[PDB]
Amino acid sequence: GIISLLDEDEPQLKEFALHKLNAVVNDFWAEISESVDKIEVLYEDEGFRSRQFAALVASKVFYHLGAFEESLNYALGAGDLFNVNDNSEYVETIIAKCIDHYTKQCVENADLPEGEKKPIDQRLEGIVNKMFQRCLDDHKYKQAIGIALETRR
Amino acid sequence: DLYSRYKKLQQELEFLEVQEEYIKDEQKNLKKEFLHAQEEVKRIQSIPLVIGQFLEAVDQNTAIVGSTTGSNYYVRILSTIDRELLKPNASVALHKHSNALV
Amino acid sequence: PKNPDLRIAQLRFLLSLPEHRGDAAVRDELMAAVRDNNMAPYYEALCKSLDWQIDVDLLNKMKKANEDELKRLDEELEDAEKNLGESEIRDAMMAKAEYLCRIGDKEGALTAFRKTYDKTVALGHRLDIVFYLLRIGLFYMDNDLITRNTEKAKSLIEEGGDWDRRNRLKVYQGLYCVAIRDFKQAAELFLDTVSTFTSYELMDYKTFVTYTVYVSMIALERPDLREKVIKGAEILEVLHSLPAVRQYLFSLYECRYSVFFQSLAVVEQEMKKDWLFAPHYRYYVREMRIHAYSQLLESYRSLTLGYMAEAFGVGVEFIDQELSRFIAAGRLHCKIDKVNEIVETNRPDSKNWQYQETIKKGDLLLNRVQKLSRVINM
Amino acid sequence: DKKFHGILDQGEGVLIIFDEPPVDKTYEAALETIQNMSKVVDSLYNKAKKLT
Amino acid sequence: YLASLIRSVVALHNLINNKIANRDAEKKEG
Amino acid sequence: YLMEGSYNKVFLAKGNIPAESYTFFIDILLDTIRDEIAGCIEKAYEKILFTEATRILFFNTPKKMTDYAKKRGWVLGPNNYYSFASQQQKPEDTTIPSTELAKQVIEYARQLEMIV
Amino acid sequence: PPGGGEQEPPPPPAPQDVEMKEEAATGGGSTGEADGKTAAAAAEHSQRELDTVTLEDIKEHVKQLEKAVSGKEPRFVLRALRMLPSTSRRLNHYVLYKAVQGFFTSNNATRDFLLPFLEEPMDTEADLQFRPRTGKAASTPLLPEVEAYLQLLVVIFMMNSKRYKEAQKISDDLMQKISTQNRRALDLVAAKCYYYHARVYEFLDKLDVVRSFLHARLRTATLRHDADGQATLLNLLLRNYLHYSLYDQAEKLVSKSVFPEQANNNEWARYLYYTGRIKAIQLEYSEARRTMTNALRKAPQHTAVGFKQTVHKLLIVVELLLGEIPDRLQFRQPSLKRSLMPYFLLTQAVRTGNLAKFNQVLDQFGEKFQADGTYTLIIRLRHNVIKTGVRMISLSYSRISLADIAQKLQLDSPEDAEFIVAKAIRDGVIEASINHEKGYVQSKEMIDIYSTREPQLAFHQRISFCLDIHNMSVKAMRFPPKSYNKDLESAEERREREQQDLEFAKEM
Amino acid sequence: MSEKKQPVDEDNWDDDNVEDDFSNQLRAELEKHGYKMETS
Amino acid sequence: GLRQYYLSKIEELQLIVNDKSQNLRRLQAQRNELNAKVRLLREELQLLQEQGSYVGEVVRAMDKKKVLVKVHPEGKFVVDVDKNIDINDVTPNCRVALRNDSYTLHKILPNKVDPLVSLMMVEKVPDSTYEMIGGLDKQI
């Protein structure tokens, strides 16, 4: 029902929308699943008060559709509000995207990192050594001996 | 350890992948090899052929003939014969030495 | 006994199905029903009948006489086995277990019949037992059990010729093929009408003649009708006593179309009030009408609609709605014009009509093996 | 009586005469096979449906 | 259409011939 | 009523708008009749004078009949709606069946001989 | 005392006799054989669990005097069921409470005493890690609470027992669902508690927040394990979304989890029906009717068939929407005849060309069609009625006035008799021209469809079809091949004696 | 076996085709002819 | 996140192991049956070079695993038996199979037709019953 209010041009209604696009994101997940995808419109519209949160709710909504590269590029472009939460059933959904894509990227970066290297985001490598500090600090080292191999570093 | 539990378990996915391709190869190779030996059996059937008469069969693919030499015999078959072309007083062909159905 | 046994079921029809007609059937059917020791098959026919609470003692004297024949079977089964003539218990109830077939129900019949089937090493009694199972399978219309003993029957006649057991059997397959709506097979089993006999079940030979002509007039075309039924003296001398049936046959052959609907309404009316044809009396004349319409209409091409009311049968709007529902029924190959008052015919090929039933049977058997294909393998 | 076939016109008496057997041998011979096989599938209940 | 119609019935009859070879072998051998 | 060939009854519903004005919607309902029988004026209509198909829709004699009669055919004539009907060119092709069907015969032979 | 003392003491022991063998062998088997080594893909306590549902749906009927189920609860709830040293006394605890039923009076579970039959996961070394034991031993008391349903204050006992079942259920949702069939086993228990969990909420409660927890259950479905949460969570999702459907259907169009690719012959079967009515109500007709048929032909050989009464009706609802009509009473039953009386008369009206006959049925059973929940689909059939009329008459007559067909079709109007037939040319039902000036409707005689591409098309639909059913009867013929171990060529010792006698014959 | 997990709750066919064409038409078509003798 | 990440792969790979293993077990037996057909088909050309087996007629047995067998055109022979044939199973007046090099008793064949059965088959009396008797019931 909040799909209708997308021609306002007062962007405060759009931030009122993304106020409703995060907390109850599962029942209208059915409703707006493929219909409207104007996240990039206000995410790129210089009426910013919605960009650093906008790619979060897209990274929520496309997940059960699949779209791991859609919610992965929006996971990188989602900024600080994305990775600030790890007390959910969603950090396992996103590190299985980003760490896997990072290490299968680093297979190519074990092949040819010199020349045509890829624009690795600082969060794309930042939650790698951050979650690796979760490995070192959460007392497990038969895995912390392992992800250090997995990053090919 | 847990780190070997995934790498050594995809190791048998690489080891697992080849084998269906292998039986895929042998699937046709036993056919094309099978048709070679399929015709190969009729070297016994060629010229120097003696004649008996079919009498009855004990079982599947082993029977009893009556030779035109007068004496009866317990003989073997040849497999490619339609068995439904027999059972009356069938005039049959016998190998002159091995003495089996031809 | 099973020789007068079909009139009983015909009168159960005459009791039950005509609603107004239910008085003489409970007269004569009781007249035969509480005599000759009949006990079992009319309790539900007594429910469909009236109260008849006075007949309790009538049931008691006859379950008493039923007990008398039962207990003298029980008197025979020990001297019968004392000296062995040929399994003389089953030599007693190979004649009295058919009494028990009439008197009791099918069960003490059937175990004594499948029992006694193993006694007579020659089929001269076996095939009579099988005839009895055919007739009770007809009475209880055991349409699966008739399929068994018809094949088990026919398997016995090939040794010997037994044409009094083969043509007599063809009477049974004729009555079953006319029991179902299989008429081209029913007249085909009704082919002879010569070796057929002054029966126990069609005690009028001429009723059998009416049956075979009523099934023949649909079942065969003109060439056949113009040789077989028109030149048979044995078929001619028996409709020689028939005033209407000889007329009803010759009104169709002699192009007497207007009276053909009158006698058609007569025979259709009696057929409506007839056992074994009352399942398909509407099926009969809906084929008769389109048959005569095919006969006259497949002669000319430019014959008009108003011609047929006076020479064929009255009612212009009746012929209108009647041919309209038959062209609309996808048969009766013509194409009627309306507002210039003319009926035009064509001729189709034997292609698309013959194509039609092939796609019907193809879709039917596809449904069959698809359904069974889901039945097996979970 | 179908010994001869054609048509008869009523306005002026015209007999269009025509004859060809189009196809008779094919579809019926392929057709009665189907009603044999239906009986075969009916027999497949009595070795398949009751059995397993 | 006739030949393709009959061919599936042939393979169906063979599948019946295989499930009789399954169900009366699993209990018999064990 | 717009589903079936009910047309004059739709104009009777244009004679009965009971709830409120509904004008903005019955004018799109005007237009959706205009293109409708502006389209299905093109049928097997053997000849019609300037009365019947004239007054079924809306317009007796403005130059709106020139707008339709010159937008499409059905040319302004001597009290005449010209029934042009060719319907002849596009049939009689074996070649497109000899391409699609020649594809489909190979599609038979794939799942006929080759094990999958 | 004589009637109670002679008729009441045999209701305990023979249900005790079967319940020492059904869920005590499902208890002794499913615990040591799902939490044990493994229950494989060919599981046995899944279908044994189906039997220990279906016998229990028809097992309890009475309020359980003499404690025949009422004493089974305080018996079977005091269970450690830890290991053979702890279950070795539990095998005596299947019998020690029979001394309490037969000798004494047990705790009569009659609508009040279920709460002291619940906190036993605390009592006496009972755990939750054996959720093959505690989900089965959760459900096995959770079932007969709601089997009779007997709505009198039991809804809260049901409810809190479903809350403990939700503690076991969330413990499956988060805690070690791998390689035990914890999630795979408790998807069965999940759906089977969603049936009663459903019908209580349909009875007296709300519906819409268990939708959201169901979205969470679908969210955790397909990710960790990829079976049976993919399946049942979409029919059980659908069941009132259809009854409250609108646009959600397109979600089921774009759903990845439409296929679970295997759904145990019944959830797939009703699944194709639940999505069949989707295309039925959202107007996709011809695609709907084939999964109506496919949903019909996958149902078992049982007699209680009310859903088959529903699909038997709706399956030819849409075919009446498409003009084609088979016969429906070809398998008519005493449970199908009374529910086909009105409906066969409806399609009897449709197969005629009459107009107001449709009204003569719609007044007669319009409330019945509202009771069928289909009246808004019944209401649109008159289009098909007039297509039947114009096809019947246009096929039948050849040169008929338009001032006759409106009167015969009781249309009350010849002025749109041009117009319905005009949309019969727009729809292309009839081809030839109407003499609009004169008044008659001529029709050409278009014959010889035999020389068309189209009978080859009706073939080509079926050629590849019957080839495919041949090929599936080939792919499904690969389950008998086994135990082909030793292919002995001839022998060894007879070959050696053949070498000896052959050496003697060459020696001669 | 034959369980049906429950979420929700010749002699005839040629006769039935006779009902299909002649469902309700001319049931007692016996006297209409004699009623058309004077009108036709 | 090593729990929720690294353990999330063992749960997935095993599913491919389970059904591709099953497809492999199907396909290798698939090859197996055909391989048995190949070896069995090849073996016969060596086996069909083997000499014939004589047929005989057991008169009666005697001591120490021995019998007395006559041949058609020939004379009577005393031979032994093979290890797989029982003496009580050896019946007098029965045909047997016989090897030719050492005349070891090979196998017991089907029985001889009874001479009484051949006798009545020669004579061909008209088999009858009570159902073809005309009026002789006192003599019956």
# chains A, B, ... in the order shown; residues from 1 in each chain; ligands from 1

$ residues_around --residues "region 62-68 of chain B" --least-positions-apart "2" --cutoff "9 Å" --atoms "only C-alpha atoms" --output "PyMOL selection string"
(chain B and resi 50-60+70-77+92+94+100-101) or (chain I and resi 55)

$ select_by_dssp --residues "chain F" --states "helix (DSSP H, G or I)" --output "PyMOL selection string"
chain F and resi 8-13+23-39+52-56+64-71+97-113

$ write_last_selection --atoms "N, CA and C atoms" --output "short mmCIF file (atom, residue, chain, number, x, y, z; two decimals), in the first residue's frame"
data_model
loop_
_atom_site.label_atom_id
_atom_site.label_comp_id
_atom_site.auth_asym_id
_atom_site.auth_seq_id
_atom_site.Cartn_x
_atom_site.Cartn_y
_atom_site.Cartn_z
N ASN F 8 -26.05 -1.59 -28.12
CA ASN F 8 -27.06 -0.58 -27.84
C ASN F 8 -27.42 -0.54 -26.37
N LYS F 9 -27.30 -1.69 -25.70
CA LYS F 9 -27.50 -1.75 -24.26
C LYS F 9 -26.42 -0.97 -23.51
N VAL F 10 -25.22 -0.88 -24.08
CA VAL F 10 -24.17 -0.04 -23.50
C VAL F 10 -24.56 1.43 -23.59
N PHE F 11 -25.16 1.83 -24.71
CA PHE F 11 -25.70 3.17 -24.82
C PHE F 11 -26.93 3.38 -23.94
N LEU F 12 -27.63 2.31 -23.57
CA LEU F 12 -28.68 2.44 -22.57
C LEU F 12 -28.09 2.64 -21.18
N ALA F 13 -26.94 2.02 -20.90
CA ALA F 13 -26.20 2.34 -19.68
C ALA F 13 -25.60 3.73 -19.74
N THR F 23 -18.43 10.94 -15.64
CA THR F 23 -18.29 11.50 -16.99
C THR F 23 -16.90 11.24 -17.55
N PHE F 24 -15.86 11.45 -16.73
CA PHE F 24 -14.47 11.18 -17.10
C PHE F 24 -14.24 9.73 -17.50
N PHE F 25 -15.10 8.82 -17.07
CA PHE F 25 -14.93 7.41 -17.37
C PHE F 25 -15.80 6.99 -18.54
N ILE F 26 -17.00 7.58 -18.66
CA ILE F 26 -17.84 7.28 -19.82
C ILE F 26 -17.38 8.00 -21.08
N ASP F 27 -16.43 8.93 -20.98
CA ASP F 27 -15.83 9.50 -22.18
C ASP F 27 -14.67 8.66 -22.69
N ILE F 28 -13.92 8.03 -21.79
CA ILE F 28 -13.02 6.97 -22.23
C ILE F 28 -13.84 5.78 -22.71
N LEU F 29 -15.04 5.60 -22.16
CA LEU F 29 -15.96 4.61 -22.71
C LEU F 29 -16.51 5.04 -24.07
N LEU F 30 -16.60 6.35 -24.33
CA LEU F 30 -16.89 6.80 -25.68
C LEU F 30 -15.77 6.38 -26.63
N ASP F 31 -14.53 6.71 -26.26
CA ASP F 31 -13.38 6.47 -27.13
C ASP F 31 -13.16 4.98 -27.38
N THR F 32 -13.40 4.15 -26.36
CA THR F 32 -13.21 2.72 -26.51
C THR F 32 -14.33 2.07 -27.32
N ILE F 33 -15.39 2.81 -27.64
CA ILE F 33 -16.39 2.40 -28.62
C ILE F 33 -15.96 2.90 -29.98
N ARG F 34 -15.35 4.10 -30.00
CA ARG F 34 -14.93 4.74 -31.24
C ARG F 34 -13.90 3.90 -31.98
N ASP F 35 -12.84 3.47 -31.29
CA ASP F 35 -11.88 2.60 -31.96
C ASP F 35 -12.42 1.19 -32.16
N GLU F 36 -13.41 0.79 -31.35
CA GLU F 36 -13.96 -0.56 -31.43
C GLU F 36 -14.69 -0.78 -32.74
N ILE F 37 -15.72 0.03 -33.00
CA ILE F 37 -16.49 -0.16 -34.23
C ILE F 37 -15.89 0.66 -35.37
N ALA F 38 -14.94 1.55 -35.06
CA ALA F 38 -14.00 2.00 -36.08
C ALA F 38 -13.12 0.87 -36.58
N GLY F 39 -12.87 -0.14 -35.74
CA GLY F 39 -12.14 -1.31 -36.16
C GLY F 39 -13.03 -2.36 -36.80
N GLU F 52 -27.62 3.30 -41.51
CA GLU F 52 -27.62 2.30 -40.44
C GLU F 52 -26.34 2.35 -39.62
N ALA F 53 -25.21 2.01 -40.25
CA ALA F 53 -23.90 2.09 -39.60
C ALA F 53 -23.51 3.53 -39.30
N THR F 54 -24.13 4.47 -40.01
CA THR F 54 -24.10 5.87 -39.64
C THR F 54 -24.62 6.10 -38.22
N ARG F 55 -25.86 5.72 -37.93
CA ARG F 55 -26.46 6.10 -36.66
C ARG F 55 -26.35 5.04 -35.58
N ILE F 56 -25.62 3.94 -35.81
CA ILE F 56 -25.43 3.02 -34.69
C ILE F 56 -24.49 3.64 -33.65
N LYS F 64 -16.93 13.88 -39.14
CA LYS F 64 -16.43 12.72 -38.44
C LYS F 64 -16.61 11.46 -39.28
N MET F 65 -17.65 11.41 -40.11
CA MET F 65 -17.77 10.31 -41.06
C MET F 65 -16.74 10.42 -42.17
N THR F 66 -16.20 11.62 -42.41
CA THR F 66 -15.05 11.76 -43.28
C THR F 66 -13.78 11.38 -42.53
N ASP F 67 -13.77 11.58 -41.21
CA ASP F 67 -12.63 11.19 -40.40
C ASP F 67 -12.48 9.67 -40.36
N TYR F 68 -13.59 8.94 -40.24
CA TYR F 68 -13.50 7.49 -40.27
C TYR F 68 -13.46 6.95 -41.70
N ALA F 69 -14.27 7.52 -42.59
CA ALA F 69 -14.35 7.04 -43.96
C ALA F 69 -13.10 7.36 -44.76
N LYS F 70 -12.28 8.31 -44.30
CA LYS F 70 -10.99 8.58 -44.90
C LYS F 70 -9.82 8.16 -44.01
N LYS F 71 -10.05 7.97 -42.71
CA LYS F 71 -9.04 7.33 -41.87
C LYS F 71 -8.84 5.88 -42.32
N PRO F 97 5.19 -24.71 -43.63
CA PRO F 97 5.15 -26.10 -43.14
C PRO F 97 6.32 -26.95 -43.57
N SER F 98 6.95 -26.67 -44.71
CA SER F 98 8.12 -27.45 -45.09
C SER F 98 9.39 -26.97 -44.41
N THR F 99 9.31 -25.93 -43.58
CA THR F 99 10.42 -25.52 -42.74
C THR F 99 10.18 -25.90 -41.29
N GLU F 100 9.05 -25.47 -40.74
CA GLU F 100 8.68 -25.81 -39.37
C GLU F 100 8.45 -27.31 -39.22
N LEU F 101 7.78 -27.91 -40.19
CA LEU F 101 7.50 -29.33 -40.10
C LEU F 101 8.74 -30.17 -40.34
N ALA F 102 9.63 -29.71 -41.23
CA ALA F 102 10.90 -30.38 -41.41
C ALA F 102 11.77 -30.26 -40.17
N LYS F 103 11.60 -29.18 -39.41
CA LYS F 103 12.19 -29.13 -38.09
C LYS F 103 11.57 -30.18 -37.18
N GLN F 104 10.24 -30.30 -37.20
CA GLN F 104 9.54 -31.17 -36.26
C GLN F 104 9.75 -32.65 -36.55
N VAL F 105 10.05 -33.02 -37.79
CA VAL F 105 10.34 -34.42 -38.09
C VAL F 105 11.68 -34.82 -37.49
N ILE F 106 12.66 -33.91 -37.56
CA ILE F 106 13.93 -34.15 -36.88
C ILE F 106 13.72 -34.17 -35.37
N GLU F 107 12.79 -33.34 -34.88
CA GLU F 107 12.45 -33.37 -33.47
C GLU F 107 11.75 -34.67 -33.07
N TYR F 108 11.10 -35.34 -34.02
CA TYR F 108 10.65 -36.70 -33.76
C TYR F 108 11.84 -37.64 -33.68
N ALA F 109 12.73 -37.59 -34.67
CA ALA F 109 13.80 -38.57 -34.78
C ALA F 109 14.85 -38.45 -33.69
N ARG F 110 14.93 -37.30 -33.01
CA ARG F 110 15.83 -37.19 -31.87
C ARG F 110 15.36 -38.06 -30.72
N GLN F 111 14.11 -37.89 -30.30
CA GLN F 111 13.55 -38.75 -29.26
C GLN F 111 12.86 -39.98 -29.84
N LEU F 112 13.51 -40.62 -30.76
CA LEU F 112 13.04 -41.87 -31.34
C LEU F 112 14.13 -42.92 -31.40
N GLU F 113 15.35 -42.51 -31.71
CA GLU F 113 16.48 -43.40 -31.88
C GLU F 113 17.60 -43.11 -30.90
#

$ closest_atom_pairs --of "chain G" --to "chain A" --cutoff "8 Å" --atoms "only C-alpha atoms" --output "JSON lines"
{"residue": "G:211", "atom": "CA", "partner": "A:27", "partner_atom": "CA", "distance": 7.6}
{"residue": "G:212", "atom": "CA", "partner": "A:27", "partner_atom": "CA", "distance": 5.8}
{"residue": "G:215", "atom": "CA", "partner": "A:26", "partner_atom": "CA", "distance": 6.3}
{"residue": "G:216", "atom": "CA", "partner": "A:26", "partner_atom": "CA", "distance": 7.6}
{"residue": "G:219", "atom": "CA", "partner": "A:64", "partner_atom": "CA", "distance": 6.8}
{"residue": "G:247", "atom": "CA", "partner": "A:31", "partner_atom": "CA", "distance": 7.6}
{"residue": "G:248", "atom": "CA", "partner": "A:31", "partner_atom": "CA", "distance": 6.4}
{"residue": "G:251", "atom": "CA", "partner": "A:30", "partner_atom": "CA", "distance": 5.8}
{"residue": "G:254", "atom": "CA", "partner": "A:34", "partner_atom": "CA", "distance": 7.9}
{"residue": "G:255", "atom": "CA", "partner": "A:65", "partner_atom": "CA", "distance": 7.5}
{"residue": "G:256", "atom": "CA", "partner": "A:65", "partner_atom": "CA", "distance": 7.1}

$ write_last_selection --atoms "N, CA, C and O atoms" --output "short mmCIF file (atom, residue, chain, number, x, y, z; two decimals), in the first residue's frame"
data_model
loop_
_atom_site.label_atom_id
_atom_site.label_comp_id
_atom_site.auth_asym_id
_atom_site.auth_seq_id
_atom_site.Cartn_x
_atom_site.Cartn_y
_atom_site.Cartn_z
N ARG G 211 1.10 -15.97 9.21
CA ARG G 211 1.59 -15.68 7.87
C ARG G 211 3.01 -15.14 7.90
O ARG G 211 3.85 -15.53 7.07
N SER G 212 3.32 -14.25 8.84
CA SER G 212 4.63 -13.63 8.85
C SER G 212 5.68 -14.57 9.41
O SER G 212 6.81 -14.64 8.90
N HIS G 215 6.44 -16.71 6.71
CA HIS G 215 7.45 -16.13 5.83
C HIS G 215 8.84 -16.32 6.39
O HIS G 215 9.80 -16.44 5.63
N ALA G 216 8.97 -16.31 7.72
CA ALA G 216 10.27 -16.61 8.32
C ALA G 216 10.62 -18.08 8.15
O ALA G 216 11.78 -18.43 7.93
N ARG G 219 11.67 -18.39 4.74
CA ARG G 219 12.97 -17.74 4.65
C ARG G 219 14.09 -18.68 5.06
O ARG G 219 15.09 -18.83 4.35
N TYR G 247 -3.62 -10.01 -5.68
CA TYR G 247 -2.47 -9.85 -6.55
C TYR G 247 -1.34 -10.77 -6.13
O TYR G 247 -0.39 -11.00 -6.88
N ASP G 248 -1.45 -11.31 -4.91
CA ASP G 248 -0.43 -12.22 -4.39
C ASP G 248 -0.06 -13.36 -5.35
O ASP G 248 1.06 -13.87 -5.30
N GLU G 251 3.02 -13.30 -7.10
CA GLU G 251 4.11 -13.77 -6.25
C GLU G 251 4.32 -15.26 -6.43
O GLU G 251 5.46 -15.73 -6.50
N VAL G 254 6.14 -15.69 -9.66
CA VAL G 254 7.56 -15.37 -9.67
C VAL G 254 8.29 -16.14 -8.59
O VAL G 254 9.48 -15.90 -8.34
N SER G 255 7.59 -17.06 -7.93
CA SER G 255 8.21 -17.83 -6.86
C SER G 255 9.21 -18.83 -7.42
O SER G 255 8.91 -19.56 -8.37
N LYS G 256 10.42 -18.82 -6.86
CA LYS G 256 11.40 -19.83 -7.22
C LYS G 256 11.01 -21.20 -6.70
O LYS G 256 11.21 -22.22 -7.38
#

$ atom_distance --atom1 "CA of residue 83 (chain G)" --atom2 "CA of residue 135 (chain G)"
17.1 Å

$ residues_around --residues "region 16-24 of chain E" --least-positions-apart "3" --cutoff "10 Å" --atoms "only C-alpha atoms" --output "ChimeraX atom specification"
/C:376-377 /D:44,47-49,51-52 /E:11-13,27-29 /G:477-482

$ write_last_selection --atoms "C-alpha atoms" --output "short mmCIF file (atom, residue, chain, number, x, y, z; two decimals), in the first residue's frame"
data_model
loop_
_atom_site.label_atom_id
_atom_site.label_comp_id
_atom_site.auth_asym_id
_atom_site.auth_seq_id
_atom_site.Cartn_x
_atom_site.Cartn_y
_atom_site.Cartn_z
CA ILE C 376 1.65 -48.29 -11.35
CA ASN C 377 5.00 -46.97 -10.08
CA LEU D 44 -2.95 -55.51 -17.61
CA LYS D 47 -1.49 -58.95 -13.88
CA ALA D 48 -0.52 -55.49 -12.61
CA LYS D 49 -3.20 -53.83 -10.48
CA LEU D 51 -0.58 -58.08 -8.24
CA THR D 52 1.60 -55.26 -6.94
CA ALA E 11 7.51 -50.58 -22.64
CA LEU E 12 4.72 -50.41 -20.05
CA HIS E 13 4.22 -54.19 -20.24
CA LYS E 27 11.37 -60.47 0.08
CA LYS E 28 12.70 -63.75 -1.33
CA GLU E 29 16.40 -62.93 -1.16
CA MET G 477 12.37 -49.09 -15.95
CA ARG G 478 15.74 -48.58 -14.27
CA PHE G 479 14.89 -49.81 -10.78
CA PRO G 480 14.81 -53.61 -11.21
CA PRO G 481 18.43 -54.03 -12.41
CA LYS G 482 20.29 -55.44 -9.39
#

$ atom_distance --atom1 "CA of residue 330 (chain C)" --atom2 "CA of residue 383 (chain G)"
22.4 Å

$ interface_residues --of "chain I" --to "chain A" --cutoff "9 Å" --atoms "only C-alpha atoms" --output "PyMOL selection string"
chain I and resi 1-2+4-6+8

$ interface_residues --of "chain G" --to "chain C" --cutoff "7 Å" --atoms "only C-alpha atoms" --output "JSON list (two decimals) with N, CA and C atoms, in the first residue's frame"
[["chain", "number", "residue", "atom", "x", "y", "z"],
["G", 297, "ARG", "N", -5.59, -36.50, -11.45],
["G", 297, "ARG", "CA", -5.13, -37.87, -11.68],
["G", 297, "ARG", "C", -3.97, -38.28, -10.78],
["G", 392, "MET", "N", -24.07, -23.16, -32.95],
["G", 392, "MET", "CA", -25.09, -24.16, -33.25],
["G", 392, "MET", "C", -25.93, -23.75, -34.45],
["G", 395, "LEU", "N", -23.77, -23.15, -37.66],
["G", 395, "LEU", "CA", -23.46, -24.43, -38.27],
["G", 395, "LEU", "C", -24.69, -25.06, -38.91],
["G", 396, "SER", "N", -25.84, -24.94, -38.25],
["G", 396, "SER", "CA", -27.02, -25.69, -38.66],
["G", 396, "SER", "C", -27.65, -25.11, -39.91],
["G", 397, "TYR", "N", -28.15, -23.88, -39.82],
["G", 397, "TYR", "CA", -28.81, -23.24, -40.94],
["G", 397, "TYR", "C", -27.78, -22.62, -41.86],
["G", 398, "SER", "N", -28.22, -22.25, -43.06],
["G", 398, "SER", "CA", -27.32, -21.65, -44.03],
["G", 398, "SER", "C", -27.71, -20.24, -44.45],
["G", 399, "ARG", "N", -28.99, -20.00, -44.72],
["G", 399, "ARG", "CA", -29.45, -18.68, -45.15],
["G", 399, "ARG", "C", -30.68, -18.31, -44.33],
["G", 400, "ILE", "N", -30.46, -17.68, -43.19],
["G", 400, "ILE", "CA", -31.49, -17.39, -42.20],
["G", 400, "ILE", "C", -31.53, -15.89, -41.94],
["G", 401, "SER", "N", -32.74, -15.35, -41.77],
["G", 401, "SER", "CA", -32.90, -13.95, -41.41],
["G", 401, "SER", "C", -32.39, -13.69, -40.00],
["G", 450, "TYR", "N", -9.93, -31.95, -44.29],
["G", 450, "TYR", "CA", -9.00, -33.05, -44.35],
["G", 450, "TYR", "C", -7.72, -32.67, -45.08]]

$ residues_around --residues "region 29-38 of chain H" --least-positions-apart "5" --cutoff "9 Å" --atoms "only C-alpha atoms" --output "count of residues only"
9

$ closest_atom_pairs --of "chain C" --to "chain D" --cutoff "7 Å" --atoms "only C-alpha atoms" --output "CSV"
residue,atom,partner,partner_atom,distance
C:222,CA,D:1,CA,6.3
C:223,CA,D:1,CA,6.7
C:299,CA,D:7,CA,6.3
C:300,CA,D:8,CA,5.3
C:301,CA,D:9,CA,6.4
C:302,CA,D:9,CA,6.3
C:303,CA,D:10,CA,6.9
C:350,CA,D:22,CA,6.8
C:354,CA,D:27,CA,6.9
C:358,CA,D:31,CA,6.4
C:365,CA,D:38,CA,6.5

$ interface_residues --of "chain G" --to "chain F" --cutoff "6 Å" --atoms "only C-alpha atoms" --output "list in words"
residues 383, 419, 420, 423 and 433 of chain G

$ residues_around --residues "residue 128 (chain G)" --least-positions-apart "3" --cutoff "7 Å" --atoms "only C-alpha atoms" --output "MDAnalysis selection string"
chainID G and resid 131 134 168

$ closest_atom_pairs --of "chain B" --to "chain A" --cutoff "10 Å" --atoms "only C-alpha atoms" --output "JSON lines"
{"residue": "B:1", "atom": "CA", "partner": "A:142", "partner_atom": "CA", "distance": 6.5}
{"residue": "B:2", "atom": "CA", "partner": "A:142", "partner_atom": "CA", "distance": 7.0}
{"residue": "B:3", "atom": "CA", "partner": "A:146", "partner_atom": "CA", "distance": 6.0}
{"residue": "B:4", "atom": "CA", "partner": "A:146", "partner_atom": "CA", "distance": 9.0}

$ atom_distance --atom1 "CA of residue 46 (chain G)" --atom2 "CA of residue 1 (chain H)"
13.2 Å
